[PDB]
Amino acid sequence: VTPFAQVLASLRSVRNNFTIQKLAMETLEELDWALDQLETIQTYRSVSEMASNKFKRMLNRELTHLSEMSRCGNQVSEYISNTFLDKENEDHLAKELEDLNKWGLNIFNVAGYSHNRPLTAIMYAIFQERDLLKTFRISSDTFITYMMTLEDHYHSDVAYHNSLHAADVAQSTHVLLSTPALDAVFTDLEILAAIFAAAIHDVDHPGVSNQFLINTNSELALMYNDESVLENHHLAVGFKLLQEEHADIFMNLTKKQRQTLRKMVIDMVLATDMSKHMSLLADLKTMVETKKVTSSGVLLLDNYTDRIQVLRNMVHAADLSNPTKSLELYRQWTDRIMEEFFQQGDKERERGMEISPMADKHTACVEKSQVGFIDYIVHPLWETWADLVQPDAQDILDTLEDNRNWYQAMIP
């Protein structure tokens, strides 16, 4: 018997026997509401995971016993467990880099003073600031060789999803990791993973959505079976570039550390798929409801699952941070976002495809879109993040509200 069917059947008999005055009637009303909500709020996969997890632990018990029997009983248990169970200019650059630890550092100026290499410049600054090159025994040459190839694999002719956007997300993730409420929560390995996930999260982006890649029967959609097409590709390129000569920035980690980092990075870059937004928000919201905070204001994250839920939300929030930056920065990101949408619209036109809603200058409502994006996606996410790390993130939330009102006032 499946666990959810068992619980519902016993809750139905409790209700049937409860029926067998104001207090009695008001409670039957509350029971009937909760029992109905229990059923309706369930999906096919939520019901499934309760049952599969139960079945997995039932088999895990039966094999632990079998393992104790003989050397044969042990290899049979190992086979079954592994198969059927789961798991000059440099002066100007130095001046800009003084804002490294600040929200809204001008990354556009960093690009201008680094010969249009903001990703290499910002990643090297972050790694030195955080002492990651010493901690993880990364030679400067290894770091710069990797970063330069990584930057080279970001498309220059794509207006938004280029190395300047990656530099911005990596820098924003670096600032978010420094949140006082999150002091001493993450290991050096988790910090390394988050900044690296942020730097590679859009590498080799063609400047077109996953839906465009699916609809055009692209090699990428074919290879990845229409699931997180781009996000899977960003990871494959990111990890492949480590195999280039003198570029293995993870060469001096232990085998266990590389296994752990790889798992965390995959997890974080897959969470940047925009269609997974509501799942991340639901995870972040449950974390806020059950949050355990210190007297000094520091968050308590006991286990790996809690830490990765926060980290995957951090990289996603960093990816959706343009509306939280000063208006001057935000307006420049919106121009780039729009330019890239229009560029996808051009590719749709050359293919005879139906032009996407925001993909055409004649019909795109730029200001209303920014207001919708903030109201429906950016503000609910950042408000949940701000609740988790209170009072840190209030300035972020204040900047967001100003920018929202500015865009609202700019609607024609």
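Note that residue numbering begins at 1 and tracks the sequence as displayed.
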Revision key, fill the gap. Per the entry, how many deposited residues between residue 87 and residue 88 lack coordinates? The answer is 10 or more
Review point. Per the record, how many residues of the deposited chain fall between residue 20 and residue 21 without being modelled: none, 1 to 3, 4 to 9, or 10 or more?
Key: 10 or more
Check your understanding: Between 309-317 and 107-115, which has the larger average Cα B-factor in the PDB entry?
Key -> 107-115
Practice item. Higher average CA B factor in the deposited record is what I'm after, so tell me if that's 72-80 or 270-278. Key: 72-80
Check your understanding: Of 64, 369, 343, 384, which one's C-alpha B factor is largest in the deposited record?
Key -> 64
Check your understanding: Which of these has the highest Cα B-factor in the record: 39, 354, 360, 375?
Key -> 39
Review point. Of the three thirds of its chain by CA temperature factor, lowest, middle or highest, which one includes residue 94?
Key: highest
Exercise for review: Going by the recorded CA B-factors, say which third of the chain residue 295 sits in, lowest, middle or highest.
Suggested key: highest
Point to revise | Within-chain third of residue 179 by Cα B-factor, per the entry | key: middle
**Study point:** Position of residue 303 among the chain's modelled residues by C-alpha B-factor, lowest, middle or highest third
**Key:** highest
